[PDB]
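First comes one chain, alone, set out as structure tokens in the form solved without 9-hyroxyethoxymethylguanine.
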């Protein structure tokens, strides 16, 4: 909760509204290599985190990090290309700042994407995992974006997370994947957040396996938590960018961004899939 004040969020939201003709319904957070979704926008309007009032700037990426407003397959959007991570030194109340303002912008849904490691054996690099649940490791210890005094204007003190990833949207995505006639099916599993920049050891990969994680990553969870606090509908996917060596074996899949079509294609498929899913996100106009 800390760091910002309610008026901070209000001021940042008003600046945006007074600077963009766009009134977003959907907010989309792009993971690594997934930033290309911005190219699918019509009537796009770009914003530098930098020029937006209380918006945290990027530590190094910067240009990789910007806010784009536009239209994606029927929905008014605002995509965040280049998300914040706590390993970059960002306290969780900064990492989630966007979501809080997106809420005060009118966004009622948040689709989140992230690149992850494959813990579940059946996954194979290139795969896309529809996120059904999560294990918040940083949270178990105090690293929860909601730590601090709660603001009832945003939500409750003890919000439930057992129902964060929308079942309706999850069944809708499951159907849509079938509808597309996709060869390999849409995977679905538990995501485990782990901070720190460095990569896991076989010993650690095995405890995550034990804990029941299907994919491991260093983001998403905080943003999802505050989104739910605001009452926003939340759903997302994880792009498996490498299988995880859980057995004392020779290293492999070191790089993930420079992997040719292995990345390119897989990222490409998720980005379009997400666009098609815009037709499945309930219009605020109570469409039936």
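Positions refer to the first chain, counted from 1. Only residues modelled in both forms are compared. Superpose the two forms; the largest set of C-alphas matching within 1.5 Å is the rigid core.
Although not depicted, the form deposited with 9-hyroxyethoxymethylguanine bound is the subject of the following passage.
Visitor: Want to guess which of 224 to 232, 249 to 257, 46 to 54, 65 to 73 is within 4.5 Å of 9-hyroxyethoxymethylguanine in the bound PDB entry, heavy atoms only?
Guide: Every other range fails; the passing one is 249 to 257.
Visitor: Whether residue 27 contacts 9-hyroxyethoxymethylguanine in the bound PDB entry should be assessed with a 4.5 Å heavy atom distance threshold; does it?
Guide: Contact check for residue 27: no, nothing within 4.5 Å of 9-hyroxyethoxymethylguanine in the bound PDB entry.
Visitor: Please tell me whether any heavy atom belonging to residue 116 falls inside 4.5 Å of a heavy atom of 9-hyroxyethoxymethylguanine, as the geometry stands in the bound PDB entry.
Guide: Heavy-atom contact with 9-hyroxyethoxymethylguanine at 4.5 Å: present for residue 116.
Visitor: Is there a heavy atom of residue 242 lying 4.5 Å or less from a heavy atom of 9-hyroxyethoxymethylguanine in the bound PDB entry?
Guide: Contact with 9-hyroxyethoxymethylguanine, yes.
Visitor: Is the gap between residue 177 and 9-hyroxyethoxymethylguanine in the bound PDB entry 4.5 Å or less for some heavy atom pair?
Guide: Because no heavy atom of residue 177 falls inside 4.5 Å of 9-hyroxyethoxymethylguanine in the bound PDB entry, the answer is no.
Visitor: Which pick from 200, 188, 108, 133 sits with a heavy atom within 4.5 Å of 9-hyroxyethoxymethylguanine in the bound PDB entry?
Guide: It is 200 that has a heavy atom within 4.5 Å of the partner.
Visitor: Within 4.5 Å of 9-hyroxyethoxymethylguanine in the bound PDB entry, heavy atoms considered, which of 218, 80, 146, 129?
Guide: None of the other options qualify; the answer is 218.
Visitor: Listing 35, 70, 65, 263 as candidates, which single one shows a C-alpha movement of 2 Å or greater between this form and the one not shown when the core is held fixed?
Guide: Shifted by 2 Å or more: 263 only.
Visitor: Using the rigid core as the reference frame, would you say residue 46 shifts its C-alpha by 2 Å or more between this form and the one not shown?
Guide: No: residue 46 shifts by under 2 Å between this form and the one not shown.
Visitor: Spell out whether the Cα of residue 233 moves at least 2 Å between this form and the one not shown when the two forms are superposed on their rigid core.
Guide: Where the cores coincide, residue 233 shows only a C-alpha shift between this form and the one not shown that is less than 2 Å.
Visitor: How does the C-alpha distance between residue 257 and residue 77 change in the bound PDB entry compared with the present structure, closer or farther, given a change of 3 angstroms or more?
Guide: Farther, not closer.
Visitor: Would one find the Cα atoms of residue 271 and residue 257 closer or farther in the bound PDB entry than in this form, where their distance changes by 3 Å or more?
Guide: It is farther: the C-alpha separation of residue 271 and residue 257 rises by at least 3 Å in the bound PDB entry.
Visitor: Core fitted, what stretches of 3+ consecutive residues have C-alphas moving by 2 Å or more between this form and the one not shown?
Guide: Residues 250 to 263 form the sole shifted run.
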